[PDB]
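Read off the chains here:
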Amino acid sequence: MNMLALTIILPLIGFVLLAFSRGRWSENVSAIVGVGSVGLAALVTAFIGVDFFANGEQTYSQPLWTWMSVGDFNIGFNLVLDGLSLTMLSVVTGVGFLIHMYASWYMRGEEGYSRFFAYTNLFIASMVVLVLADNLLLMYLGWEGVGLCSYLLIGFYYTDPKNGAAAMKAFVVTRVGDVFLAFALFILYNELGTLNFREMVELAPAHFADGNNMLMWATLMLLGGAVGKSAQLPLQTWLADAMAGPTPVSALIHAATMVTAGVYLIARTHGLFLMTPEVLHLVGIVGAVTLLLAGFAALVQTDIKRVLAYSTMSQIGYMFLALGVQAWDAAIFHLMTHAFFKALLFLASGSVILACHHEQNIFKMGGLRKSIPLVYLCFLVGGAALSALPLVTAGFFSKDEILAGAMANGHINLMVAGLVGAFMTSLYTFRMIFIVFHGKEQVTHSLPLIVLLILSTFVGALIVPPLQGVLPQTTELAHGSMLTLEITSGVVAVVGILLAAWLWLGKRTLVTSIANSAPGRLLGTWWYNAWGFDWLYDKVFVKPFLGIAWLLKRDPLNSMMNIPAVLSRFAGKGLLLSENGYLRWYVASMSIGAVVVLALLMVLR
Amino acid sequence: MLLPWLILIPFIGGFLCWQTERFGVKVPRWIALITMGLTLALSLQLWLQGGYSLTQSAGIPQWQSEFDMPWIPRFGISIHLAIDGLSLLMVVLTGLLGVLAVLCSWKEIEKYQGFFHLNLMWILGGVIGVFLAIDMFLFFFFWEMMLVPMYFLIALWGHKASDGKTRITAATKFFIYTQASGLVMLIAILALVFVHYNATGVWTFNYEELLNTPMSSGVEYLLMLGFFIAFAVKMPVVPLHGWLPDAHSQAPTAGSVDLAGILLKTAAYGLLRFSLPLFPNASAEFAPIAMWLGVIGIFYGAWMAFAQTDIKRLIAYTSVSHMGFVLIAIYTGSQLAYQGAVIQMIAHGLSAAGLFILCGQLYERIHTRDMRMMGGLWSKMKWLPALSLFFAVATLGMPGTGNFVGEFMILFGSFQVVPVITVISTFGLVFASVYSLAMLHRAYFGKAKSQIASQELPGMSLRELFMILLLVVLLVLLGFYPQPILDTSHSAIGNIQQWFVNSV
Ligand SMILES: CCCCCCCCCCCCCCCCCC(=O)OC[C@H](COP(=O)(O)OCCN)OC(=O)CCCCCCCCCCCCCCCCC
Ligand SMILES: CCCCCCCCCCCCCCCCCC(=O)OC[C@H](COP(=O)(O)OCCN)OC(=O)CCCCCCCCCCCCCCCCC
Ligand SMILES: CCCCCCCCCCCCCCCCCC(=O)OC[C@H](COP(=O)(O)OCCN)OC(=O)CCCCCCCCCCCCCCCCC
Ligand SMILES: CCCCCCCCCCCCCCCCCC(=O)OC[C@H](COP(=O)(O)OCCN)OC(=O)CCCCCCCCCCCCCCCCC
Ligand SMILES: CCCCCCCCCCCCCCCCCC(=O)OC[C@H](COP(=O)(O)OCCN)OC(=O)CCCCCCCCCCCCCCCCC
Ligand SMILES: CCCCCCCCCCCCCCCCCCCC
């Protein structure tokens, strides 16, 4: 348990070694250093979990040094480990290790192998810092490190400028989220005098007994930071473009590290949200709206990576819905299970891309179960877990827990939105699966695929996160109520899969009739561009920024301050006309000056 | 007692740099290196012997070291030097940047580099004298003396690619800006001295005696305005900033002029040391104007940096934005914001030094500074694009670098004082990330946009790599462990803050 800092130090050492190697080492040595750093972090995490369960799930605090100390402003470089922290650390280290082995197989023969593994090691270290921090500023260090590593890894193929544009857009949108998070940090320090999570929770109800306005502002800004990192409303526009990077980058961003940071932030600061119930309801509403919009967007995508990105947005919306209905255990459970099956789906999609030429439209391929069957099976159980196939997948149990928590607290509208989103999830998932894999044809990586294959089944649901004593328990439904809830969710998922089979497996006559219809074409164009949010942000933020830059590029203030120089030049040129060289004019000017001096003396006498 | 030698070792070293050129043309660089290393060693020895961490705030004046000598006794003018924690940090940074400026001009083996090194050492000695002088005439004297070798270095040793007329114009614009603003400050100093003489009857330019000067509101505002005009020109504060990208663009290509007397924040130190304690009420009334000027500086400098096609002008406008943050911090009256301003000054010096040195090396490799003629330079160079990526990550305020510590403590204290200005400034941090990523993508990523960027380039040598990696290590250590720096400046910053808020 005293090796808690090793989970940061080993990925940091891996990043430093692989960065300063600069591609000089061989592929095997670079793979050994990177994958072994993440694997040693995972092994230390396993030992930490065994020690954590040895002393009865007691919270362990390991301070290292004091980061900042200016009077009452005291920020510590301290790590903490509770059940939520252990769950996030285990998910991050284990899933990142599996993705690292798959990337060691996958990135063979590519330029920047060691640079890729240095960046992923820094990503792992940043996320471990994020989830292990005991105060908000150290968690902000992990937050920005995760955002920077995401920017470095999305634009990994730097020669294509559109990869760099996608990475820049992801960094800028997430930095807007980080600015909202910074606002939350400023408000919380100004009110409570501390940024330690436990200390803020203790000191909040005494300080905010008179007024609660600043606490509502702080929780609203915390939600803004969370939706920045988790790609929710209204900062969700970067994920589908962040698909520009390599496949293990997408697996790391969507399963292990990046999009789960907002869910972890809301769950960690759950007490402050519990004292602001309207903001928590807003968290749930944002999750519901985001999952509905993401499902509708994923319904009409023509790319596997875009479908998986909007599916990730929908599942993070499910976790935000669980947080907003005060089903915290369900949110973390769905976080872990979604990490499993989304990592499996993204690695399977990368194997598909490697096997079938370059990246392609989904309608170009077809009948791919015969050629590449093991990755078809991986896609099958990944989509079954994504669509919450009952009694055989962990995603079914996670979504059932979320919906039961929504129903038990009286959030009927959020539960209805979750059921509709589950129907659409089955629809888009098996639409993509049946289009890509059905139709007419036109050991370093097998082991992570097998492990994520097993963890996407009910074996993943057998793992229970130890959130006793960290998060409050959700209210239990009546046995009949959760029974019919389970039957309704399973029936909705099975009906959605059957409708996807009826719509896309055979000759898509009704689907093509709907798509070519004018309202259908309009709705498909609207949902394909993710409801026009990218267009709105380009018109509202990007275009006036570029316009003001073009208007200011000549430095108008510099010219305004250069005005006295041109005035001096003009006045000197005008005064030099008096020096015409004529003696009679010099005499006349002397007499003019005599007249002026005499008149001035007589006026002011 | 060592403070006169802290000023005099650069001057004697520059004289020896000029004098030793007859012994060989590779000699004056060694003399300059030993001179700046001796100055840095004396500064570090003063840091060790000062005991700044255990020093408590006793009120202005409180000096860890002091030196006095009569200079012009008719006006009560003395060579009066004094060091405390803030000035000690500034002097240590000056010595380190002077060593880097000597090391960066190591390969210039021309026929008149003795005069080059003499001008560099005279600039560094003038900067140290600015940081040490607590006599107002002596402070003004150093403030104006360090601009003549600046003018001559830009005008004669500047950017060789540009025409001579462009270098003359940039040097003249810089000199006119700085010296006219200094003369306005001299008018304010003289009027303050005359007010004190009318109140008491003695001739003094001593800053300790001029602190207790009773004056009406309106006189104090005008004296504050003269001081602020000088500091705002040299900070820079918009719209008195236009000299800075021109001076940076026509500075010598290695960038020793950039490090030696531009990236040392004498104006923020002057605002903290002189403007706030001498005129606390006038600064309190001026605070909203100065904060909004800082906000405008942040966003204007960010937009100007984005619009640049030259890297040097881009980095100069980044300096404008970060100094806008420091200017916001100075007028808060918050101890946390002041400590953040100190950290931001040091970290910006380090990060901008790294950026300017890397830009000079890139210009040596590719012989152009237009970003439209490069691209994809990550695949062509060995060390430079990765270190440039690290330094661009530093100037956007990434945690793990000292820039984040600086501006985030600034924003914490400022939100404790002024919330609206703080939230607008954090959106300024978003703008900073925008311009840093834009420069990185224009220079090193993408494909080659010309012929010079499409070929393999020679790697960095051991000396350039050593100084860049030293800056990297210092920035990372400042980001992760800023506590010794905060403990060094804690007493002086506390004295200034207590004087500012106890007299308002
Ligand atoms: C606390 C846990 C983490 C928490 C979150 C932290 C987030 C903020 C971290 C800030 C540090 C900077 C992050 C970004 C650095 C990017 C550098 C980079 O791209 O390095 C890769 C590059 C090798 O790439 P490659 O393409 O193979 O080679 C180039 C040409 N052949 O590499 C190279 O070419 C060589 C190396 C270049 C510089 C590498 C980074 C320097 C800064 C970090 C190490 C500093 C030194 C260590 C000691 C510090 C003091 C104790
Ligand atoms: C209801 C609203 C809720 C909140 C919504 C927040 C939306 C945040 C902004 C989303 C859009 C960000 C898009 C960033 C794209 C970056 C990638 C890109 O397109 O790069 C192109 C360009 C590169 O620059 P360059 O190299 O010069 O050009 C080469 C040629 N292309 O680079 C550029 O063109 C750079 C353009 C930068 C634009 C930055 C705009 C920042 C605006 C922040 C506003 C925050 C508002 C907070 C809420 C306020 C409420 C009143
Ligand atoms: C905050 C505002 C109030 C306080 C201000 C304090 C003063 C310091 C800060 C402001 C200084 C502004 C200086 C503006 C001019 C800068 C110098 C310059 O541009 O020099 C270059 C120029 C020659 O270059 P070029 O354009 O090529 O001309 C060739 C012509 N055949 O050179 C020339 O053309 C000749 C230039 C002669 C000198 C310039 C005029 C000086 C006038 C007095 C300045 C004092 C402030 C006056 C009020 C300013 C506005 C409020
Ligand atoms: C072009 C660039 C340079 C700018 C132009 C040159 C400077 C112009 C300064 C204008 C000053 C106007 C003063 C108007 C009132 C004068 C009469 C008066 O009321 O005198 C009162 C007082 C003398 O009586 P006393 O017994 O001393 O009263 C105690 C009060 N302290 O009087 C005193 O104690 C003396 C008061 C002196 C006030 C300060 C004067 C200089 C201030 C710094 C420079 C101006 C501000 C910055 C530049 C502006 C933009 C360019
Ligand atoms: C070749 C052409 C181009 C070159 C040349 C251009 C022009 C150069 C000259 C420019 C300066 C003009 C004079 C400015 C100072 C005027 C001073 C003044 O009017 O003072 C009146 C009064 C004096 O104070 P009094 O009332 O006597 O105090 C005792 C009562 N308690 O004062 C007061 O009561 C207080 C007044 C406070 C404000 C006075 C100064 C205003 C300055 C405006 C610009 C700066 C604005 C702030 C900074 C912005 C950012 C730099
Ligand atoms: C003026 C230039 C400043 C550069 C940044 C310096 C930042 C401070 C670095 C101090 C050393 C940090 C690592 C060693 C810590 C030793 C702790 C001793 C007590 C336990």
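Residues numbered from 1 in each chain as written, not as in the entry; some residues may be left out. Chains lettered and ligands numbered in written order. Part of a larger assembly, values for the part shown. Heavy atoms only, no water.

Please clarify how the site of ligand 1 should be interpreted in this entry.
Neighbouring ligand 1 are 26 residues; A:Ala19, A:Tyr119, B:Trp378, B:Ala386 and B:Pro399 lie closest to it. Near ligand 1, the surrounding residues belong to chains A and B. For ligand 1, an oxygen atom lies 2.9 Å from a polar atom in the backbone of A:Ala19. Contact between ligand 1 and A:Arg115: an oxygen atom at 3.3 Å from a side-chain N or O atom of the residue. Surface burial for ligand 1 is 86%, taken as the share of its 1200 Å² of free accessible area covered by protein chains. Contributing elements (two or more residues each) for the shell around ligand 1: α1 (6-21), α4 (113-132) and α5 (136-154) of chain A together with α16 (384-395) and α19 (462-480) of chain B. (Near = heavy atom within 4 Å. Polar contact = N/O pair within 3.5 Å; in protein donor to acceptor, adjacent residues only side chain to side chain. Areas by Shrake-Rupley, 256 points an atom, 1.4 Å probe, with all protein chains shown as cover. Helix = DSSP H or I, 4+ residues; strand = E, 2+ residues; numbered from the N terminus.)

Just checking my understanding: could you explain the site of ligand 3 for this structure?
Inspection of the region around ligand 3 gives 15 residues, with A:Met561, A:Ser568, A:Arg569, B:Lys165 and B:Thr169 positioned closest. More than one chain reaches ligand 3: its neighbouring residues belong to chains A and B. At 2.3 Å, a side-chain N or O of A:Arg569 approaches an oxygen atom of ligand 3. The side chain of B:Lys165 places a nitrogen or oxygen atom 3.0 Å from an oxygen atom of ligand 3. Relative to its unbound accessible area of 1100 Å², ligand 3 is 57% covered by the protein chains. In terms of residue class, the shell around ligand 3 is built from eight nonpolar, four polar and three charged. (Nonpolar A, V, L, I, M, F, W, Y, C, P; charged D, E, K, R; others polar.)

Explanation requested: the interface of chain A and chain B in the structure shown.
Interface extent is often summarised as the accessible area lost during association of the parts. Chain A puts 54 residues into the contact, and the matching count from chain B is 60 residues. Of all residues in chain A, A:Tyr158, A:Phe186 and A:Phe545 give up the largest surface area on contact with chain B, accounting jointly for 14% of the area buried on that side. At the boundary of chain A and chain B, one finds zero salt bridges. Inspection of the chain A/chain B interface yields 15 residue pairs in polar contact. Secondary structure elements with two or more residues in the side of chain A that touches chain B: β1 (60-70), β2 (73-81), α4, α5, α6 (161-192), α24 (533-552) and α25 (556-575) of chain A. Per-element tally for the side of chain A that touches chain B: the top contributor is α6(A), with 16 residues. Of the residues assigned to the side of chain A that touches chain B, the class counts are 38 nonpolar, eight polar and eight charged. (Contact = heavy atoms within 4.5 Å. Buried area = accessible area lost by both parts, 1.4 Å probe. Salt bridge = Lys/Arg side-chain N within 4 Å of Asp/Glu carboxyl O.)

Can you help me understand the state of the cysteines in this one?
Here, disulfide denotes a covalent bond that connects the sulfur atoms of two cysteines. For the coordinates displayed, the defined rule picks out zero disulfides over all chains. A:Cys356 carries a free sulfur, and the closest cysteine sulfur to it, the one in A:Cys378, is 17 Å from it. Counting only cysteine sulfurs, B:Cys359 is the nearest neighbor of B:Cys104, a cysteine outside any disulfide, at a range of 10 Å. Exposure remark for B:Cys104: the relative accessible area of 7% places this residue in the buried category. (Disulfide = S-S within 2.5 Å. Buried < 20%, exposed > 50% of the residue type's maximum accessible area, 1.4 Å probe, protein only.)

So what exactly am I meant to see when it comes to the pattern of salt bridges here?
Note that side chains of opposite charge can pair when their charged atoms are close. Per the counting criterion, the structure on display carries 16 salt bridges over all chains. The closest approach of N and O atoms between A:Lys370 and A:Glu441, which form a salt bridge, is 3.7 Å. Taken as a pair, A:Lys370 in the loop between α15 (328-355) and α16 (373-386) and A:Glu441 in the loop between α18 (412-437) and α19 (446-455) lie far apart in primary sequence, 71 residues in all. In this structure, B:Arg313 engages B:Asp246 in a salt bridge whose closest nitrogen and oxygen atoms are separated by 3.0 Å. Here the residue B:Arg313 occupies a position in helix α14 (residues 311-330), and B:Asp246 occupies one in helix α10 (residues 243-249), the gap between them amounting to 67 residues.

Looking at this structure, how should I read the pairing of β1(A)?
Taken residue by residue, a regular strand's side chains alternate between the two faces of the sheet. Direction of pairing for β1(A) relative to β2(A): antiparallel, over a ladder of nine bridges. For A:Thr66, the partnering residue across the bridge sits in β2(A) and is A:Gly76. (Pairing = 2+ DSSP bridges.)

Which parts of the structure should I look at to understand helix α5 (residues 136-145) of chain B?
Side chains that are three or four residues apart share a direction in an α-helix, a result of its 3.6 residues per turn. All names here are of chain B. Taking burial as the measure, the ten residues of α5 include nine buried ones, the bulk of the element. Turning to α5, its buried residues number three or more, namely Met136, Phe137, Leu138, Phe139, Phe140, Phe142, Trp143, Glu144 and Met145. Where α5 begins, the side chain of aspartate 135 points an oxygen toward the backbone nitrogen of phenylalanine 137, at a separation of 3.2 Å.

What exactly am I supposed to notice about the nonpolar core here?
Nonpolar side chains in soluble globular proteins generally cluster together in the buried interior. Within the largest apolar cluster, 426 residues are counted, with the highest numbers of intra-cluster contacts made by A:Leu137 and B:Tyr331. Broken down by element, the residue count for this core peaks at 19 residues, all from helix α15 (residues 335-366) of chain B. Discounting residues that sit within four places of it in the chain, B:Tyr331 has contacts with B:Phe228, B:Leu271, B:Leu276, B:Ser283, B:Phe286, B:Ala287, B:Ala290 and B:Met291. (Core = buried A, V, L, I, M, F, W, Y, C linked by side-chain atoms within 4.5 Å.)

Explain the environment of A:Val470 here, please?
Residue and element names in this part refer to chain A. Mapping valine 470 onto the fold places it in the loop between α20 (458-462) and α21 (479-504). Given the relative accessible area of 18%, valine 470 is considered buried. Sequence spacing of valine 470 and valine 597 is 127 residues, and the spatial spacing of their C-alpha atoms is 92 Å. Look past the residues within four positions of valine 470 in its chain and what remains in contact with it is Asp82, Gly83, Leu84, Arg268 and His270.

Is there a simple way to explain the pairing of strand β2 (residues 77-83) of chain B in this structure?
Residues and elements named next belong to chain B. Counting buried positions along β2 yields six of seven residues, so the element is predominantly enclosed. With seven bridges connecting them, strand β1 (residues 65-72) and β2 associate as antiparallel partners. Bridge pairing in β2 places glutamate 66 opposite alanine 82. With antiparallel pairing between neighbouring strands as the criterion, β1 and β2 make up a hairpin whose turn holds four residues, including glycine 76 at a positive phi of roughly 65 degrees.

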